Structures are given as structure tokens and as C-alpha cells.
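Notes follow once the structure below has been shown.
Here the Cβ positions follow ideal geometry from the backbone for every residue, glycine too, while neighbour counts run over all protein chains shown. Each value in this text was obtained by applying a stated rule to the coordinates, not by laboratory testing.
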Ligand SMILES: Nc1ncnc2c1ncn2[C@@H]1O[C@H](COP(=O)(O)OP(=O)(O)OP(=O)(O)O)[C@@H](O)[C@H]1O
Ligand SMILES: Nc1ncnc2c1ncn2[C@@H]1O[C@H](COP(=O)(O)OP(=O)(O)OP(=O)(O)O)[C@@H](O)[C@H]1O
Ligand SMILES: Nc1ncnc2c1ncn2[C@@H]1O[C@H](COP(=O)(O)OP(=O)(O)OP(=O)(O)O)[C@@H](O)[C@H]1O
Ligand SMILES: Nc1ncnc2c1ncn2[C@@H]1O[C@H](COP(=O)(O)OP(=O)(O)OP(=O)(O)O)[C@@H](O)[C@H]1O
Ligand SMILES: [Mg+2]
Ligand SMILES: [Mg+2]
Ligand SMILES: [Mg+2]
Ligand SMILES: [Mg+2]
């Protein structure tokens, strides 16, 4: 064919993007990785999606696990492969060693295997093939050079059958040799790397497509997650910056804050609320979610510092109630420690809830808690992920960032997120006459006017009460101001033009 | 020969400069690299160029990939190698093992292959040869020393025919040994090393010519990009300081700013708009991109933070419509996440997007949104790439850098780019009477006078409005100034009022 390589859609969430179409049809694809990375799953989900979506028959070849365990373990994702075997759509070819014993099973055992596969293909008329762990076979007497020739024989014979094949290899070091015998990478037309990279004490699942002979593909490690729906990769780079926008205004919950912003927040905009600890970020978040519920809209709250009851207690002390909003089903709370997962996991925990409850407002309280030790690079990618998702879903997102230094915030966000967010709200402490006092301040708005005043504000049983500025103070930002006005008034005066010592 | 070493051009974009003419005539060149680097592509593109550009026939010796597979692979880049093998200009030598099961195939398999290769040379009068993956033949039972002889016999034989050859070798570690058996490097007269360096979940593709026995070459790594057009190398050293300069002026979109610059921006100059987030920038950028269309010039806005629609939402809220000038084919937005590629790729996208549309003005919103995750050096040389290209191709370019710390920042650019640009526009925050007012300063203009005052300005539905400076103040640059009393200054009168 004069056409370039065509790809077959794996229908695995994300992989079709990173691979730019799927898998090169007619060729084999090497899915290599350390233990427990999701190799076996990738091969099964590939075959499974082949039957469900495109009615393409499949053949699975196992060398270690028993077909019973394959069907058993695949029930974790809700895949009745057994039925797919019954319907003649799926065929599991058992090639795992019988527990007894037989000498020399690497000679004509492979050449017979290839013809076993060919029969399995011809009989079931299968388009997709998965061969889990081709490593176990060569783990008998063979070494290096033996593997390369024998592996090439299987890749070659498979290609002539026209099978879109997916093979599997094991590893020892995360960033060491791509495959065991340091040879499989060069024989295979396609190479895919599954990593369970440590870093700290958490684990980050990454997928990389090393090479696709004949086509294009996204380069680098893209994070993924194994869930009850299977492999889920987030192409945080294929995300097209075409997110819609609107001049429709929504309320922050605080009336004056709507006026300080030139008619309330925008619907299609991300809101950041910085400031030291204790200023009142959680409160602005509370009042924010309160608005959507009152307008018969759905809204979610993600807390990463407070308990579920301490989030209701302090809220009830502000008069507002989340109970009734939960009772009438318009408000949803999550609450989870940042250490309970990695950033790759949390992103999906959010994203999943967004599809189920389908809110109109998102309030992630404390992004600063998701930078706890996590690299500044792995963080930005996550932030952009949430922001870049809530934007294309048209959801007003209010975020929160506790500044690590009270009184003297030389920079807005210490993790340099300030560029991504549209609307910025700055809260700060102002030492007035030996007293700490709040000072709400709208700092940026990308479509509206916006007030430019550094207004003080009190909080009580009602909370956010916005008063007047500090027109008689220098160096407000510093936190330790200075009274001016060297003039007086009222009645007077005389003249007596003289000194007068 | 009594003369110097003649080099045959490879026509690989960028490689000829690095190799100072191309590959040495009648000699071998080792192109080593790990999986997915670009070895096979380099060798194919080497032969394919000689046929189309120089009418120099080529023989491609394969060891693993079947011929008919290699044919379909080159079709990725729109290359009909099936046509070239049919025209007797290219020949794919199939030395791949049979898909059956023989072992007594080679008792003289080296001298046998050489006679085959040498037969194909004189048969097609080939001047260029590419031996793809010579490693995949020693993977029978050979050791390290055994390779040194079987290579040296093949290398010497091809040198006796007088053919310029490219031998491909594979490897595991990126910076460890150069070839598999740690032998191939010294056998070949020429050593090219391809890499796919990772460094933090990304992949930078770099070429390096380790050695060229005989002549000189550019020393070190150089970033390259495998695209639809094949290999594209950026030789940032081959770009010498020879870009024309002019004195013709252009407008920033803000007429008042043009006065502050003493007549407006220079045409062949790089302008930078540094300022904390929320100052101007995108407003300044927008106004700058508008001036082209009214002057009927083409402009390109590379956005790296906001969507294509949000820009329109903000532009239409400052007057200026982007729709019309896009319909007029005078304006082009781009929009792409910084993590949607590599610095090497963004440079090529920009370079290509310039050629296709041919703009007179360029606006790259937020360079600071490109240093995200990247090292300083990889970023610094990227800036020199886009800056130098806008200079040599003679284009006015406005850039943007968001300083991390608002009010108190004592460095213009955090990544220290200052010395590269020709004009630095500075925006900042000034706390006046418990409020957040803006200010615009023209920090430098390399060839003009420019106003040296820190004027404040407003942002409205009609745009910016540069006003009066902060004369009755001090410590402006620190964000939180001083009211200077003031002063006094006591409403005139004879003796005042009291003292008392
Ligand atoms: N419902 C699920 N939720 C979360 N994780 C799951 C679920 N089902 C399976 N997994 C994960 O899958 C992993 C096992 O990977 P899989 O069986 O896909 O191939 P593998 O174990 O990497 O390859 P091999 O079987 O050759 O070692 C387990 O570590 C487990 O954490
Ligand atoms: N009923 C109330 N009356 C007066 N002030 C209150 C009341 N409830 C809370 N506050 C004030 O709110 C401040 C805490 O702010 P908020 O409850 O919004 O969480 P937060 O400051 O964002 O929490 P953290 O900084 O720990 O993340 C406290 O310093 C307290 O003075
Ligand atoms: N149209 C295309 N656009 C972008 N990239 C492409 C395109 N076609 C091929 N590539 C890239 O070329 C790479 C393949 O490299 P190449 O074909 O040079 O062989 P190699 O991997 O260097 O050799 P070996 O497979 O023997 O290790 C793939 O990783 C792919 O990313
Ligand atoms: N319609 C408007 N009326 C008044 N002021 C506006 C209007 N639109 C925007 N602004 C002002 O412009 C500022 C934002 O600047 P702009 O959107 O031009 O780019 P920027 O904020 O420098 O970009 P970045 O967010 O990347 O720093 C806001 O602080 C706001 O004060
Ligand atoms: Mg397995
Ligand atoms: Mg809080
Ligand atoms: Mg190769
Ligand atoms: Mg901007």
C-alpha cells in the first residue's frame, strides 16, 4: 500500500492520543515494564476493547498465568472474558508449563507455538493478539544472542499473518535496560514503557512510547492510573488550549466582592485565593459553594486540611449550612489527606467526581497542600490539569493557596501558579496599633474592571463584611504600615506673623 | 590525494553546518544511538537525498527490517523509495535472516556479504551506502574482539571501492559507552552519536559528531527534531552574528508609548514587556498585534497561557476585534500549552509558522511560561533561537516575562535574559493611598532616547492611558513608596498657621 502506516484504536483512555491513532496495524508492539506496572492489563484491555467496540476477535497467549486466573483477575474491571470465550470472540491459548516436567522446551516448542497461534488466528478469524511475558520462555537456558534471533522469528512470523500484536517483557530497574536481555527494544517495531517510578515513598505510574517505526507519537512519560475501568492515561500535553469562555457572571457569595470584581466572578474563569494561614481562605470558599446551591446549581468541595465535621461546624458558626445542601442534594464534599495518594491519583479522584455529580462550581481548598514535598514540576502539571479541565467543562473553579510566610509575602504564589489563574484574590494581615487585622484585596481580573482598593474586612457570625481602605497608611503590603496626614481642620485661625522663640 | 578532504553533502537540515560540508568522501560514518533515537531515519535520508538532489545512487543494506517494510516506513515522510528502487537509483540489500530455521547459512557470511554489497555498488554505480544495524549480525555468538576484525574488513573493503558509507549501531546507556561492544567507535573514521535524553519525563533529541578523522566539525550536542519533513537540526553556533539592522520605526499600538520611546519601536528590534502578573503585558501584547492589521501587515500571536476564545473575550473588552483581522488574513493566533512539546519543538513550530504566513510582527505571550520545568541553559539558548531568527529574517517581536515576586523584584528577568533584548518595557505595582495602581517604565532602548520617567497608567474598555509620574514620591520601585510628607506646602498664606 502506498499509504503510510495506519493505526488500530486500542480504545484505552488516553493511549489513542499519545500514540496518535492507536497501534500500527500488522506490526507487533512491545509493552515492557517492571513487575506490577500493568503490562498484563494493557494486553487484556486491548483485546477486550477490540471485542466490545469493533467486534474484532482476539487471541490471548499466556505463558505463566492460567486461563482461569486471567478470567478471574479480569473480573476486577467488570470484564466477563469467559462469555467472550463462549461467544468465540476471545480465545485464551494456554502455553504455560505443566507443573510436572519435560526436558528441552525451547527448541521446536517455539516453532510449534507459532503454528499453534496461526491455527488460533485462522480458526477464530482474530485481528488482535496479545502475548503476555515472552520472557518466561527464554528463562530456561537461553541468553542474549539466543533471545534476539528467536524473538525476531516470532515478530516476523506474526507480521505475515497480519496480526496486530501486543507482546510483554519484564524489567529489573526502572531506568535501566528497557527490557531484560537488552535486545527486545531493537527487534520490535514498537516499544512502550510502563514505569512504577518510586520517588519519595509514593508511586507514580507513567507510560512512555519509546518508538513507533513509521509514524508519529507523543514523546515522554505521561502519567496513568489503574482503576476499576482499566488503564486511564492523562495526555497532559494533548490538551488543546481551545477552552470556551463567556461574559456570563456568577456571584462569589459575597455581595461587595461581586462589586469589587465589577459584577461578580465570571463563569468561565479560575479563581485563586492566596494569603497567609488564618486570613480566611476557607471562608471565601464556603460562601462560594453556598451560592450555586441557592441558585439550584450543583457544586463540589475538596478539602485537604479539615475533617468533614470541622468543615460543617465552622461553617455553621458562619450561619451557612451544608447539611441541607447535602440533604437536598446540590452540594458534595470529599475530604482526603494529600498523603493518601500521588498527584496523578488525585487528578482522577477529582475528574471522576466531576463526571458523576456534574457540578457548576469547583472549590479545591488548598492547592498548597498538594505541593507538600511534591516536585514543583509534578505540581504545575497537576494544577494545569485541573484548571485545564474545569475550563473546558465550563466550571467556575475557586482555588486556595496558603502563603508560607505571614506578613511579608514578597510573591503571590510560591509555586508560581499565578499565571494560570484568571481572577486573583489576596488576603493579608495588617498590623494596626498592635493589632492583627484582615485586608481583602482583588488583585487581578482578566475581563472585568475590578476594584483596586486594599479594603479591611471583619468576620463574625455573618463573615465577609467589606469596609473601607487605608487611605492614611503607607507600606500596607509590608504588613506593618505607617500613619500619615500631617494636617488638621476645624475652626481657626489667628495670624500673629512672627517668631516668637 | 594531494588535496584536503572533500565532504559529500547530506542535505539533512543543519547537519552540513555541524559537519562543515557533510560526510567525508569515501569513508565510513558511525551513527550510534539507543532505541528510537533516529539512526535508521538518518541513514535512509542520507541515501534518499543523494538521489533527488545529486543523482548519486545508493545501496541500503538491511539486517533486520524487511525491504518492503522499510519502503512503507519512509512513506511517513512522503518518500517513495519503491519508485527509487524501480528506477535503479536505490537498492535495498536484503541481508535479513530467513523467517524459517536454518543455522548453517554462514561459513563465509562476511566475505559473502561484502561481495554482494560490492556487486550492488558497481551494478547501480552507487556513491552512498548505508549499513543499517550492523550490530544485529554479531548477535549470533560473537564477542568484542571478533567484531573488531569483521568490522575492519567491511570498513576497509568499502573504502577500497571508494564509497561513502553510513554504519548504524545501537546502544543501551545514553552517555556510557558509545557503541554496544565498545569497539565500533575506533574502527569507523567518523562517529555520530544520536541521543534521546530524558531528564524529567520529557525527551530531548540531540545529535553530536564525536569525531571526524581528518577535518574539523562543530563540537558537542545540538538539538534536533524528527518531523514529517525528516530530521531538522538547529545549529545555534552556525547562526553567526550577521543579521541586518535598520532605523525604520513602528508603533506599539499605544501612541503615547511611541512618544515615550521617542517615535515608537525599531523595526529590527526585540521588545520585552516585563511585569508582575496582572499588570499589563497581554494588554500591551494585544495593542502591539493590532497595529499590524491597521497598517495592513501580518501579525502572529503565540499564546501560552490563555485559550483562543479567552483572548477574544479580553480583546473585545478593550475595543480591538481579533475576528475581523483574522478574516482579513492579517492576524493569526496559535495557543498551545508549554508542556505540549519540548523547547526544540516549539522553536520549529514557530520557525515553520513564520514561513507559512510571513508576518511582520510577532508576539510571544509569556516567555516566563516557557521556562516552566526546563533548565535555565536549555531555555536560554531557546530564546537566542527565536530572537536571532526574528533578527535575521528581520521581524519586529514583542515578548513577555512575568516576574515571580510582585513589588520588591530587584531583577528584571528571573532567567536573566535582559542582555539579549533591545527594548525593555517595565510594568509594576505602586501602592498609592491604600490602593493598587499601575505604572509603565521604558527601561531601555538600544538605539533611541526614550523617556526615563515612571509614568502611571489606567486600564479601561478603550485600552491603556499613560499619565503622570510619581514626582511627589520616593521608593517607587519598591512597590510601597513614600508620600514625601507632603511637603509642606501649606496653602500659602503669610505666616502659617500656627506654629503657634
Ligand atoms: N481495581 C483495581 N484498582 C486498582 N489497582 C488495580 C485494580 N486491578 C488491578 N490493579 C493493579 O494491577 C497491578 C497488576 O498489574 P497487571 O496484572 O496488569 O500486570 P503486571 O502484574 O504488571 O504484569 P505481570 O503479571 O507479568 O507481573 C496490581 O499491582 C494492582 O495494583
Ligand atoms: N464565627 C466567627 N467569628 C469571627 N471570626 C471567625 C469566626 N469563624 C472563623 N473566624 C476567623 O476565621 C479565621 C480562619 O479563616 P477560615 O476559617 O476561612 O480558614 P483559613 O484561614 O483558610 O484556614 P487555614 O489558614 O488554616 O487554611 C480565624 O482566624 C478566625 O479568626
Ligand atoms: N511522521 C513522523 N513524525 C514524527 N516522528 C516520526 C515520524 N515517523 C517516524 N518518526 C519517529 O522516528 C522514530 C523511529 O526511529 P528510526 O525509524 O530512525 O529507527 P531507530 O529507532 O533509530 O532504529 P532502531 O529501530 O533500529 O533502534 C520513532 O520513534 C518516531 O518517533
Ligand atoms: N475591561 C477592563 N477594565 C478595566 N481593567 C481591566 C479590564 N480588563 C483587564 N483589566 C486589567 O488588566 C489586568 C490584567 O492584564 P492583562 O489581562 O492585560 O494581562 P496580564 O494580567 O499581564 O497577563 P498575566 O495574567 O499572564 O499576567 C487586570 O489586573 C485588570 O486590572
Ligand atoms: Mg503478566
Ligand atoms: Mg483552610
Ligand atoms: Mg536502526
Ligand atoms: Mg498574560
Taking every C-alpha to C-alpha distance in chain A and binning by 20 Å from 0, the per-bin percentages run 20, 40, 25, 12, 2, 1, 0
So, for the Cα atoms of the protein assembly as shown, Rg and Dmax in Å stand at 33.8, 126
The convex hull of the Cα atoms of the stretch A:1-236, divided by residue count, gives a volume in Å³ per residue of 134
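Express the C-alpha Rg of the stretch B:112-225 as a ratio against the empirical globular expectation 2.2 N^0.38 Å, rounded to two decimals.
Cα-based Rg divided by the globular estimate yields 1.18.
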Per-residue average of other protein chain Cβ atoms inside 10 Å, peptide B:90-99 -> 2
Dividing the alpha-carbon radius of gyration of the stretch B:1-102 by 2.2 N^0.38 Å, where N counts its residues, gives 1.18
All alpha-carbon distances of the stretch B:237-484, grouped into 5 Å bins from 0, give the whole-percent distribution 1, 6, 14, 18, 20, 18, 12, 7, 3, 1, 0, 0
If one compares the long axis through the Cα atoms of helix B:39-52 with the longest principal axis of the Cα atoms of chain B, the angle in degrees, nearest 10, works out at 80
Expressed as a whole-number percentage, the relative contact order of the stretch A:237-484 with C-alpha contacts under 8 angstrom and at least six residues apart is 25
For chain A, averaging the sequence separation of alpha carbon pairs under 8 Å that lie six or more residues apart and dividing by its residue count, the contact order in percent is 14
Shape call for the stretch B:284-334, from the Cα gyration tensor axes a ≥ b ≥ c (a/c under 1.5 means rounded, otherwise prolate when a/b beats b/c, else oblate), comes out prolate
Taking a label point 7 Å from the Cα of residue B:144 along Cα-to-Cβ, the residues of the stretch B:184-217 whose backbone nitrogen sits under 12 Å from it are B:184
Averaged over residues of B:431-442, the number of beta carbons from other chains lying within 10 Å of each residue's Cβ is 5
One would report the antiparallel percent of DSSP beta bridges in the stretch B:117-232, rounded to the nearest 5, as 80
Taking Cα atoms, the helix A:145-161 axis meets the longest principal axis of chain A at an angle in degrees (rounded to 10) of 90
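Please state the relative contact order of the stretch A:341-405 as a whole percent: Cα pairs under 8 Å, 6+ residues apart?
49
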Taking the alpha-carbon centre of each part, the distance from the stretch A:26-59 to the stretch A:427-501 in Å is 66
Cα-only Rg/Rh for the stretch A:373-501 with Kirkwood Rh rounds to 1.17
With -39,500 (n - 2.57) per DSSP H segment of 4 or more residues and division by the full residue count of the protein assembly as shown, the 222 nm estimate, nearest 500 deg cm²/dmol, is -8000 deg cm²/dmol
For the stretch B:1-236, percent of DSSP beta bridges that are antiparallel (nearest 5) comes out at 40
Under the rule rounded for a/c under 1.5, else prolate if a/b exceeds b/c, else oblate, using alpha carbon gyration tensor axes a ≥ b ≥ c, the stretch B:187-267 is classed as prolate
Percent antiparallel among DSSP beta bridges confined to chain B, nearest 5, equals 45
In degrees, nearest 10, the alpha-carbon axis of helix A:376-392 is tilted away from the dominant principal axis of the alpha carbons of chain A by 80
